[PDB]
Structure formats: C-alpha cells, structure tokens
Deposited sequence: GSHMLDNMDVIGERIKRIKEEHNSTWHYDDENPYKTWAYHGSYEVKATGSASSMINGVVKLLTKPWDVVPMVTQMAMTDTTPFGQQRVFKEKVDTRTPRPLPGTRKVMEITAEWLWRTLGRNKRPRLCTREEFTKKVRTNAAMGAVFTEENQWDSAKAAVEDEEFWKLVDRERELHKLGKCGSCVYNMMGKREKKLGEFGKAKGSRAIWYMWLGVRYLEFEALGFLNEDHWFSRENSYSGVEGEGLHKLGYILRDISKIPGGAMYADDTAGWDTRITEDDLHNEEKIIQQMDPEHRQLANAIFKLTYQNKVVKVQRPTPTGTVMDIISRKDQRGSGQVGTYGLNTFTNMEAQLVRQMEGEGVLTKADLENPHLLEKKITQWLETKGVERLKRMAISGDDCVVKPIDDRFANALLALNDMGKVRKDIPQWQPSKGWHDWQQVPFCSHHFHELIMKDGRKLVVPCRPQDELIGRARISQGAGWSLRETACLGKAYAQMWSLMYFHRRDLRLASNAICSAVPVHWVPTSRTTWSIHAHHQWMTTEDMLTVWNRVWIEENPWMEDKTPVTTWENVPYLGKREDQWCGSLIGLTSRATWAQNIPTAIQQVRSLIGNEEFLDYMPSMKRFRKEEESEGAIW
C-alpha cells in the first residue's frame, strides 16, 4: 500500500491544505479513499444541411462510476498457470523480430506538434526538467507525481507522467508490435477501410462460425494477474529500459492514484486498467489475445474444469498446443483492444466458458453460461462499431466497405466539440465530416448527398481542421483540400492491397452505393418523401449557408 503511493498522496494534499479534508460521505466501496479538496454544442452548418434529421431520436440524443467500483474474483490457480504459460509464449512470439527500446523526448515532441496546450509545454525546458526529476525518482523505485484523471501548471505533472510512460512503453505503438504482420491477430495501423477486408480473409479459414463477444467494461476486468502477465515484456528489454518500465508497471499500473470530479476526490487501487495511459491499447490487445487463445484451448478440449482448479497443472500440453498451433489460432482472430472477432476450428468454442468467466472477462448482457451466438456471414460480424459489406462496382471489381447505422454518423457530424468557435471553424469541421463520409461512407445515398451539399456550401479552399474522430482506426485522409475522388482512388484502388486491378475511377458515378434494400436496412431515409423534399430543396439551403459565410469562392458538387 502506502510505501508506493504515499509520496504522491502526501504531495497533493500538502499543496491543497487550502481546502483539504476527509469525508464520510465518499461513495468508495472497493477503491481506497484518502481525501478530497474543493475545486470547481450543435454544428449549425451540418444541421441546416440535414433538416430531415432534426426529428430523428438518435440524432436528438447525441446532441444531449457505478460500473467502475467493483472487484473481480481472483482467477483459479490452474487458470493462473495457463495464463502465465500463454503470456510468456505470446511475448516471445511478439518479440521474435523486434527488440523493445525506449522512446525519446524528440519522438514525443514531434507527436505533440502534429496532433491542445501541450505544445506550449513541450517547448518549455522546465517541463523536461521536471520529467528528468521524476525519472530519477522512478529509477530509485519511487514516484512523486504520476496520477490519473477520470493554466495551473498542475498540467505539467500529468503530461510528464504520460511522457515517462510513453518513454518506457511507447515502443509497442511506435514500432507496431500489434500490426497484423507482427501480431497475427492485431490490426493496429490498418485503418477502418482495411478491417472489413481482414474479416473477409478470416472467413476463408475453415472452422466454425465467427464470434464477436464484447466484454462488460473490459478495463475494470483487468486483474492483478493480468498486470503481472503484461509485465513479462520487461524480460526482453536492455537493463536501463527494464528499470524505467519496471517503474511504470509497479508504481503506475499495479498501484494507481486517481482524481474524480463540487469537490475532487483522490483515490487508489492495485488492479483494473487506468483511464488514459499510453500503454492501454497495446496491453488490452495483448491480454485479449491471451484470453481468446485460452478460450480456444478450452474449445478444443485442451483445458478442462479440473485443469483450471489444479494448482499443480503440468505445462507440457499447453506448451505443445501453443508451439504447434498457437500461431495458426492467432490467425483466426482480429483483436483491437477489447474488440475481438474469433473464428475457432469448430463451434465447441460457443460453450467454452469456464476459463473466460474465470479470468474475469464476463460477456455483457448475456447470462454467464448461455452459449455465445456466432455468425455464419462475415458481413454480419460487428467489430469496432462497424459491420462491413461487399460491393460490386459497375466495372465488376469488388470493394469491402465499412458501415454503421446512419443516424450515428449524422448525429456525430451535427455536434461541434467546444463552444465559442466561429462560423469558419464550424464550416471547416463540417467539411471534415463531409469528406470523411466521401472516403468511408460514400456508399450511403444520403451521406453522399449531404457530403456534396456541405462541400458545395463551404469555401473550396478552406481546409478542414480538428478531428472528426479519435478512433485509432482513423487515418484522417479526409483532412485536405485535395480532390476527394483522387483521395478516394488512392485509398480504395492505388494503395488497396485487396484491389488487384489498379485501373483508376474517373467519376463518382462509378463509385458504387449499397443496394437500396441494404441502404434502407442500415438507416437510409431514401424512399421517404421528406427525404425527396430535402433533396429537391438542398440548393436553396446551400445558397443560404453561402450567403452567411460571405463572398468567398465556392464550387457546386451536385
């Protein structure tokens, strides 16, 4: 407990003797509580061009820690042994070609410069002076200011913890440890437009149905034994790397210290996965790959109830399975953090639930012991909030495209993140959404129409700025004034490894749509008269946005 978190606790209070106090009205039942202190937007351009959706309930809803405060029961001793054998094998596999290394002040600085007031911090030497100071503590096995959150220079300590963590564990991302070529199951770096193609290739593998069980609150199901297993990566590091990462793991993951927001409460605990942390996506991916391997082993009858209970379980048959089949079983999977698709060798997997529940990874909204439902059509599998469609172009070439319910797309575009922003900033975010729809959702009739209308309305030379999304699967090819059909050709033809025939597409009329039925099943208002009204009267509202923006130069895109 206190030897490891105390310095961090003693600090923040001593700073906040202004308003520091205990409370017996704190609602913390499984996190340790230490104390507290007092401390205390619609996009008009897109809205006007999406009138029929003013109505729509999901659109109205988007414009407008009960599950975190639990304990996860400790996995059985056989489970713990299997997790351990499998983690060591996975890490050795992931490191077969790459070596871990430290990341640098320069790498991190160049990252900040191309992604929120931190830029001001990374051009101050005194920021790096505090990093150096905290790093020296870390090397001694201590920690002075690395705390998690759920113009006061408070912000330097926080950004400094993130650099320190990036320095010690960023190589998992920076060097693509979970790319599909290195990890087999991973998809990091692929981007949304490739995930569908990956699922289709998984469908070609012989075996059972395709399963996509999502976990109830994955980050809260990360156990002390999972953290122990994630940490075995340090055995592959150079001694000076090993020191700093051991520091991150022991003192920032296996022992966190948090603030929640009128009062701010500061709180600690020894398991679960922290909110922000740079290592969160890679370590979730790693542990999901492990858990699904273990579930496949159970599926194949390699692991039984008695094995999970057994404190003296023999390694040899786990090792053998892993050594002779592990890589093949990884190739049946697409795993991105807590998102997984698994195509097991048969459907016994659907009822292989002993090890999955015992490791804590309890599926959401299903009784613990009901068999999983798998899909026999890869186009029905959900993954990373999407499903994916095979489309036949007029020239007979096939695209695989991402799709999700249309009101979610329109409802996100209709929201401006932040107040005070000027019409030009609001027009430019709309263009970013409009052009993202051009690149990824061009196959949705209404979104290609709305996209054209928004781009008809904002100056053709204005550059879209600020992100449409934080997803790790987004490459933001739409943040540009390059012609969108040229980007479209680059993304879907030129750089498309699943597109053999490189013949460019010269017109949007040869960019296909979903079939009409499927378009309507996935939310289209096509066929509704109010949609046909909107479509007829769209040049009017375009003109109205032009006349408020001013006498800039516009292009028509209808």
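- Coordinate coverage of the deposited sequence is interrupted at 1-6, 47-53, 78-89, 141-153, 189-204, 316-321, 619-635, where no C-alpha atom was modelled.
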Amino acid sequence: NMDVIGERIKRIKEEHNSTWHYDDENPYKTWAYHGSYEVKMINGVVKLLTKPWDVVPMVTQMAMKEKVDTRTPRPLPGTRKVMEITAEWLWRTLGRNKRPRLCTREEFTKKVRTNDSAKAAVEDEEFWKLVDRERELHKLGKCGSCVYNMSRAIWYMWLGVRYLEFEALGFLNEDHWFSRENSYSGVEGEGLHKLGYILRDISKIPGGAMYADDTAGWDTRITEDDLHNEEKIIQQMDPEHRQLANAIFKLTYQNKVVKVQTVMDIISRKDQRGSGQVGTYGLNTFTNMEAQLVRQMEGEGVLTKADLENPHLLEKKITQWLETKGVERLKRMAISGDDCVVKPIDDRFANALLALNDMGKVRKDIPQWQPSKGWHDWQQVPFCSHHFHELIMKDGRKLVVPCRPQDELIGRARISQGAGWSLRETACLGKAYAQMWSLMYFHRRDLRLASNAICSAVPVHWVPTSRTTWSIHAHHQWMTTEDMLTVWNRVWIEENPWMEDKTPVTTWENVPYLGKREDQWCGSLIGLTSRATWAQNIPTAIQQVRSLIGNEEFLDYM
From here on, numbers count along this sequence of modelled residues.
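Take the two forms, superpose them, and find the largest set of C-alpha atoms that agree within 1.5 Å; that set is the rigid core.
- In a rigid core superposition of the other structures in 7 other deposited structures of this protein, 416-424 and 291-299 differ in how far their CA atoms stray, and the farther one is 416-424.
- Between 267-275 and 316-324, the larger root mean square Cα shift in 7 other deposited structures of this protein, once each structure is superposed on the rigid core, falls on 267-275.
- For the two regions 140-148 and 343-351, the entry's Cα B-factors average higher over 140-148.
- The PDB entry records a higher mean C-alpha B factor for 127-135 than for its counterpart among 233-241 and 127-135.
- When the C-alpha B factors of 331, 273, 461, 194 are read from the deposited coordinates, the top value falls at 461.
- Per the deposited record, 529 carries the highest C-alpha B-factor of all listed residues (529, 503, 496, 524).
- Compared with the other modelled residues of the chain, the Cα B-factor recorded for residue 335 ranks in the lowest third.
- Placement of the Cα temperature factor of residue 515 within the chain: middle third of the modelled residues, per the deposited record.
- Residue-level temperature factors show residue 59 in the middle third of its chain, judged at the C-alpha atom.
- In this PDB entry, the Cα temperature factor of residue 116 sits in the top third of its chain's modelled residues, the highest group.
- Sorting the modelled residues of the chain by their CA temperature factor places residue 28 in the highest third.
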